[PDB]
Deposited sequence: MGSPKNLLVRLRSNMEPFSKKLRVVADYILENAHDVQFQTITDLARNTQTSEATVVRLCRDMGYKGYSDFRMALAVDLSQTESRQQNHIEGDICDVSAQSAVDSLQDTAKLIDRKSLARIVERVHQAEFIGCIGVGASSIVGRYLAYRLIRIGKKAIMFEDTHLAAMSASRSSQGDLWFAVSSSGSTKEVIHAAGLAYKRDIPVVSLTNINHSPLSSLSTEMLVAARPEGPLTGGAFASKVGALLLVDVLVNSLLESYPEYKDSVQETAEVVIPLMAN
């Protein structure tokens, strides 16, 4: 019925607003999975125009409108769950840009200190990255306290590198912390499931997994599995280009032997 309201309330809109209004009507199902940056790009308008339209429909902004749009459209298990994750792995392996991956490998190799940022289900992905970095002997820290991450990002200096782990690239405190590093000329690598988002303007490099999240599918295993695959490839490529990291894999494995039963 929010569609019914859009058509009905479309009467008073200017040309640019009606372009976006028309776009959303004809692409309702796909817009669930688009960021504000996507919708502005796809309509050839601006983010300011999208927001202005969402406000005219009664909403606080784009995220709020998209949430309503998702609820509006929504109105064997082991094998389906597994197949959906196999598909996303495959799709992600096709999408991976090898040249940006190779630059990212060199950035990590050169980094003295790696900070990672991510909340909600992205906290799982950022944790796996920091663990895998620690396995090869890098200093890495994962923050879900976005206040502490903003404060670290704000004093960041040559030698540091940041990963912003966010499927949507639209999470306010994650973007804020990442942007502080970016504005200081610190490399920021984003791990996302969407090509264009607010975070992309604040990233020096991006890896993109398959299956963008919508309002009702955050944390979906199909979206998270591709993001974890980005982490896996990155650290295995580091291991391949710099075999000396294998000494660290070995030593970190040895020192937790005394922690076994």
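- Residues of the deposited sequence that lack C-alpha coordinates fall in the stretches 1 to 5, 81 to 91, 278.
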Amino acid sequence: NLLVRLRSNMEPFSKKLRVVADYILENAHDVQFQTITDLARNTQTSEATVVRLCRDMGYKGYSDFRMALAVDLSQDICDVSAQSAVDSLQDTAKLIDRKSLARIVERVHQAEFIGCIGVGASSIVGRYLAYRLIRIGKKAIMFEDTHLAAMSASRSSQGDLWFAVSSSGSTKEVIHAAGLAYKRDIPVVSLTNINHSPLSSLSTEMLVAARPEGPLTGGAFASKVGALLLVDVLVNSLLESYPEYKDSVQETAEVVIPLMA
From here on, numbers count along this sequence of modelled residues.
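- In this entry, the higher average B-factor at the C-alpha atoms falls on 89 to 97, of the pair 153 to 161 and 89 to 97.
- Comparing 113 to 121 with 80 to 88, the higher mean C-alpha B-factor in the PDB entry belongs to 80 to 88.
- Per the deposited record, 50 carries the highest C-alpha B-factor of all listed residues (50, 227, 199, 194).
- When the C-alpha B-factors of 171, 146, 190, 74 are ranked from the entry, the top spot goes to 74.
- Ranked by Cα temperature factor within the chain, residue 19 sits in the highest third according to the deposited record.
- In the PDB entry, residue 6 places in the highest third of its chain by CA B-factor.
- Ranked within its chain, residue 35 lands in the middle third, by CA B factor from the PDB record.
- In the deposited entry, the Cα temperature factor of residue 108 sits in the middle third of values across the chain's modelled residues.
- Sort the chain's modelled residues by C-alpha temperature factor and residue 209 lands in the middle third, per the entry.
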